[PDB]
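If you read the sequences in order, they're chains D and H. According to the deposited numbering, the residues represented by the first sequence are 5 to 176, 185 to 506, in order. According to the deposited numbering, the residues represented by the second sequence are 5 to 176, 185 to 506, in order. We put the beta carbon where it would ideally sit given N, CA and C, even for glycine.
There are 2 protein chains.
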Amino acid sequence: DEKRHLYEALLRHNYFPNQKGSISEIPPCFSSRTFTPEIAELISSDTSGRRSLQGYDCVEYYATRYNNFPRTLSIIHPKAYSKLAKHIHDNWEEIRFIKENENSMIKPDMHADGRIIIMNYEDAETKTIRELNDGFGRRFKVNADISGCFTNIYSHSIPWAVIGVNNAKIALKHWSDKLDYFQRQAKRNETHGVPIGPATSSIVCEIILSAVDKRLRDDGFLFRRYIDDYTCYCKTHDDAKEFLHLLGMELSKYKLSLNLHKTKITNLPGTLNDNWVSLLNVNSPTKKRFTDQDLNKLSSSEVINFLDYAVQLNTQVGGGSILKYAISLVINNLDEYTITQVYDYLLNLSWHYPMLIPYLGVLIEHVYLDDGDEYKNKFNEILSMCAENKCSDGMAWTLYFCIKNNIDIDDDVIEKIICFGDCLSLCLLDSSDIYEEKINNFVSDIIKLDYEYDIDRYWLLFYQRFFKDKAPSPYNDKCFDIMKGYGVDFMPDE
Amino acid sequence: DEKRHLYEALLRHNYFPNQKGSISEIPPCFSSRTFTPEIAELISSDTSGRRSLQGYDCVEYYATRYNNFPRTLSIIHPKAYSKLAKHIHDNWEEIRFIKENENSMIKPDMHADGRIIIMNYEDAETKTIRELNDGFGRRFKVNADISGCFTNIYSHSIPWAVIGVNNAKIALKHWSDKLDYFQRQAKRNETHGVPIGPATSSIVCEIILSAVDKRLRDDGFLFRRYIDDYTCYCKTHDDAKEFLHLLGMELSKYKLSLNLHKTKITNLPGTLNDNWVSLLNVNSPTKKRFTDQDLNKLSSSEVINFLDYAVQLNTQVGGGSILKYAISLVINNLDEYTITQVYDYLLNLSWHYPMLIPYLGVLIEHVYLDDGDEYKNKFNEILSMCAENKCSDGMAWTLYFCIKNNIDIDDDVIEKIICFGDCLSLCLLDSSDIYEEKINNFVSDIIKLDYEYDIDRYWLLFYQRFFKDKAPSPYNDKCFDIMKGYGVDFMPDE
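If you want it as structure tokens, here you go:
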């Protein structure tokens with residue numbers, strides 16, 4: 005069923021930020037499964053407890069981009085998220101028009117693994133044919149980015165996209189207003205912004221932007237929207253300017269604005285991908301298959317020189333995730349002679365760029381990690397860099413590697429982890445049970461601060477300690493008790 | 005009268021290439037005055053003589069541009085030119101619609117000095133107001149150059165511009189067909205090309221391009237044409253492309269084509285002039301008037317550094333006549349201390365760029381030319397460079413300076429001048445009467461070659477020798493006898 009798959013996607017698969025295709029932003033030890041729709045129904049049915057503050061804060065997870073710029077993913081508190089997901093499920097007949105939006109490529113869709121939101125799920129076949137069909141006969145390409153699609157989207161504009169702005173103003185119940193209310197409750201009862209990473213906020217953004225897509229489609233524009241990025245194909249240059257103008261009016265109707273720095277008009281034919289993508293693939297040592305596995309095994313010189321050229325392209329161009337693309341090109345065609353060289357190169361690049369840290373888990377088995385403790389020092393230096401740069405993705409993945417592979421962590425970097433206080437990193441540290449007293453001191457400071465949003469920012473740590481009977485429930489409601497009684501575990505075993 | 009002024013402009017003032025504003029392409033010792041409309045009427049009335057070849061060749065005069073690229077100006081043979089000018093005058097009522105073409109800036113116009121064609125005659129007042137009025141409200145500027153407006157213009161398209169292409173095809185008498193015939197007779201009975209420099213060919217080009225201007229004007233395009241260069245101001249970019257397309261069809265109707273290398277579309281607001289013009293004027297030491305002559309006298313350091321910056325701009329940008337512009341900025345505000353420095357700088361730049369040679373006549377009086385013969389060596393080295401590079405403007409101006417200022421010329425460079433064989437330079441050499449035997453040998457070779465076009469290419473030298481009774485008339489007609497009997501002299505005294 006579409007409805008049941010939507011419910012299980014919202015809670016069991018796309019609650020945590022898990023929208024990436026190949027490697028996740030979060031280590032795989034964190035999983036939102038065993039959090040079923042029945043449990044969320046029981047949470048939403050709970051009315052006990054008193055909150056001094058209005059709304060709920062969320063666990064914040066800082067993941068670096070390719071330019072080391074932090075992006076704040078969020079894990080919503082399960083009470084507010086359960087209510088929001090239940091309301092989205094209950095009115096899915098009125099919401100599912102976002103599925104039949106041909107212009108939006110990244111939208112809800114029934115996937116095999118159980119998700120609804122997967123970025124870049126479509127294959128290169130249909131992708132290539134689609135951009136060649138859209139770009140045919142047109143000599144201008146328009147790239148326009150919404151400035152604040154996650155950070156300043158208007159929750160009160162959720163009705164305005166559904167029934168119209170004027171009709172929603174006269175009408176002030186409808187499901188869109190309740191969706192607005194629950195989306196506000198997801199983040200501290202704040203009217204602006206949505207948590208990045210869950211599919212509920214992606215559904216809300218699709219609902220808001222579907223009216224803009226419909227208005228642009230009714231004017232005859234050929235365009236594709238990936239989340240907030242619009243790519244339009246225009247026969248003439250005034251058509252590009254008119255698309256930009258009409259998109260500006262349609263975004264300003266819902267209190268949104270184009271990123272004036274990011275919008276650009278290029279001459280077709282450009283490239284189907286970015287230019288660095290073709291530069292990398294045309295220089296890839298693994299670009300041709302041989303159908304025998306011994307032939308397509310890369311040597312040391314090939315991979316080392318290709319990664320050096322990738323660093324050259326990242327410095328010179330820097331138009332995207334060049335290093336991650338090249339590493340994913342060469343990481344699966346390695347032989348056992350060259351594992352140490354590529355692994356040390358990945359260690360250096362991962363110290364410089366934390367987004368390359370998860371690739372260390374690809375070759376984490378072949379590398380003799382005991383050795384002469386040099387790898388322990390390198391991993392702890394990576395942890396120091398992650399604590400200094402305040403990035404949660406690299407620290408979480410490195411801590412996952414150290415816990416799984418029994419790499420020892422010094423006390424000095426544990427002090428830096430507590431000073432940073434990333435919720436997922438502290439969840440991993442609590443799951444190791446070595447550092448119980450420091451986690452206890454941290455959560456005691458959070459409790460004695462008596463701020464409800466401070467507890468909400470570490471609800472996952474508090475629930476992981478409560479579920480293992482290491483700490484009482486910080487809240488006075490029954491949501492944590494309901495989740496513990498039905499065996500909800502966000503750090504499950506295999 | 006407009007008609008009489010047109011006749012005297014065609015014959016007495018704009019026969020020779022004299023369309024430049026400040027300094028002429030030809031030295032002022034050459035003048036087409038004392039060649040009156042009555043004399044041209046008598047020449048056209050002459051029917052005696054027999055020509056083995058059809059049409060007349062013309063005196064060719066190679067003038068360098070700013071990039072040292074040669075441009076071939078032409079002085080038409082007086083029989084063909086007299087017939088052509090008489091036919092243009094006799095049907096001036098049917099031709100004078102080119103005067104009332106608002107889009108063409110360089111067109112026939114009654115001027116005070118007696119000319120009809122003066123490039124850039126209009127003042128900076130009306131020029132500045134016109135480009136600010138045309139460029140207002142438009143964000144695109146189109147610069148499109150006709151590729152062959154002088155070199156491959158179709159003479160048989162002269163009727164096609166007047167009465168239409170189809171009507172001229174059915175009609176095959186009309187004055188346009190006779191104008192086509194006389195324009196062909198002006199250059200060797202050749203259907204393609206017009207001689208650059210006389211106003212008759214400028215009138216023919218204006219006649220041909222006036223239909224194109226009318227067709228572009230009737231479509232609502234705001235554009236300005238300077239000779240062959242179209243500058244259109246467009247609100248949108250498709251308007252620029254549509255102007256380019258319609259101009260292409262209108263030029264192809266008369267067997268003309270746009271210079272596809274030269275056409276470009278720029279974003280308004282640009283600059284009213286070229287960018288190097290504003291760079292030069294904003295750095296000009298003479299840019300501010302002081303109303304007392306002692307204050308606006310430039311020092312040595314000012315002019316030397318400004319000319320060094322001008323050479324820097326000419327090397328770095330090279331978008332136009334940068335050096336000539338800067339020299340004309342500083343050449344009239346010199347004091348007597350700095351004459352030698354600027355004159356030596358001009359001598360060096362004029363050796364490198366012959367188009368700067370006429371400026372040596374500005375300070376030719378203040379410089380002690382006798383001295384220690386160094387200036388004689390410099391002028392003869394300039395003559396050697398002009399003979400090697402095959403440029404007629406620099407050689408003619410240098411020979412004019414040497415003859416006027418009694419600078420001696422060695423025999424070795426006289427050999428190079430005879431080897432080059434520029435007609436105007438040999439006219440000057442014959443007017444000095446020092447080198448009579450070498451000029452006699454040259455014209456004896458031309459006579460014994462028995463080619464009528466070879467005599468036509470040096471008709472001015474032959475007529476200057478015939479008028480001073482140094483040689484008989486090479487032709488068998490009465491045109492040279494008519495011109496001699498009425499005292500036509502193309503090298504007159506003051």
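- For residue 63(D), the three-state secondary structure derived from DSSP is strand.
- Closer than 8 Å to the CB of residue 249(H) there is at least one CB belonging to chain D.
- The beta carbon of residue 160(D) is closer than 7 Å to those of 192, 203 in its chain, skipping five residues each way along the sequence.
- Around the beta-carbon of residue 16(D), 16 or more other beta-carbon atoms lie within 10 Å, marking it buried.
- Around the beta carbon of residue 97(D), fewer than 16 other beta carbons sit within 10 angstroms, so the residue counts as exposed.
- Our two residues, residue 364(H) and residue 170(H), have alpha carbons roughly 51 Å apart in a direct line.
- Linking residue 81(H) to residue 465(H) through their CA atoms gives a straight-line distance of about 10 Å.
- In terms of Cα proximity to residue 187(H), the closest of 210(H), 232(H), 92(H) is 92(H).
- By the Cβ neighbour-count rule, residue 294(D) is exposed, with fewer than 16 other Cβ atoms within 10 Å of its own.
- Inter-segment contact for the region 259 to 267 of chain D and the region 130 to 141 of chain D is absent: fewer than three beta-carbon pairs are separated by less than 8 Å.
- When secondary structure is reduced to three states using DSSP, residue 301(D) falls in the coil class, being assigned neither helix nor strand.
- Between residue 31(H) and residue 288(H), the C-beta gap is not smaller than 8 Å, which leaves the two residues out of contact.
- Between residue 208(D) and residue 77(D), the beta carbon gap of about 5 Å places them in contact (Cβ cut-off 8 Å).
- In the DSSP assignment, residue 146(H) falls within the beta strand (DSSP E) that extends over 144 to 150.
- The secondary-structure analysis by DSSP pairs residue 204(D) across a beta bridge with 158(D).
- Residue 472(D) and residue 63(D) do touch by the CB rule: their CB atoms are close to 5 Å apart, below 8 Å.
- Between the region 147 to 167 of chain H and the region 267 to 279 of chain H there are three or more inter-stretch CB-CB distances shorter than 8 Å, so the stretches are counted as touching.
- For the region 277 to 341 of chain H, the full-length alpha helix (DSSP H) segments reaching 4 residues or more read 287 to 294, 312 to 328 along the chain.
- The DSSP assignment places 82 to 94, 96 to 99 as complete runs of the alpha helix (DSSP H) inside the region 56 to 105 of chain D, in order along the chain (cut-off: 4 residues).
- Minimum Cα-Cα distance from residue 291(D) among the listed residues 249(D), 233(D), 330(D) corresponds to 330(D).
- In this structure the region 424 to 438 of chain D lies against the region 388 to 398 of chain D, because at least three pairs of beta carbons, one per stretch, are closer than 8 Å.
- Cβ-Cβ distances below 7 Å link residue 422(H) to 392 in the same chain, with the five nearest sequence neighbours on each side left out; the list follows chain order.
- Per the coordinates, the alpha-carbon of residue 126(D) lies some 46 Å from the alpha-carbon of residue 271(H).
- For residue 236(D), the enclosing beta strand (DSSP E) starts and ends at 234 to 238.
- Separation of residue 488(D) and residue 59(D) (C-alpha to C-alpha, rounded to the nearest whole angstrom) is 15 Å.
- Fewer than three Cβ pairs drawn from the region 110 to 117 of chain H and the region 241 to 261 of chain H lie within less than 8 Å of each other, which leaves the two stretches out of contact.
- Check the Cα spacing between residue 379(H) and each of 347(H), 399(H), 361(H): the tightest is with 347(H).
- The beta carbon of residue 297(D) sits closer than 6 Å to the beta carbons of 310, 314, 318 from its chain, once the five residues preceding and following it are set aside; these are given in chain order.
- Per DSSP, residue 153(D) lies in no alpha helix (DSSP H) and is assigned neither H nor E.
- Residue 241(D) is bridged by DSSP to 149(D), 238(D).
- For residue 445(D), the closest C-alpha among the options 138(D), 268(D), 480(D) is that of 480(D).
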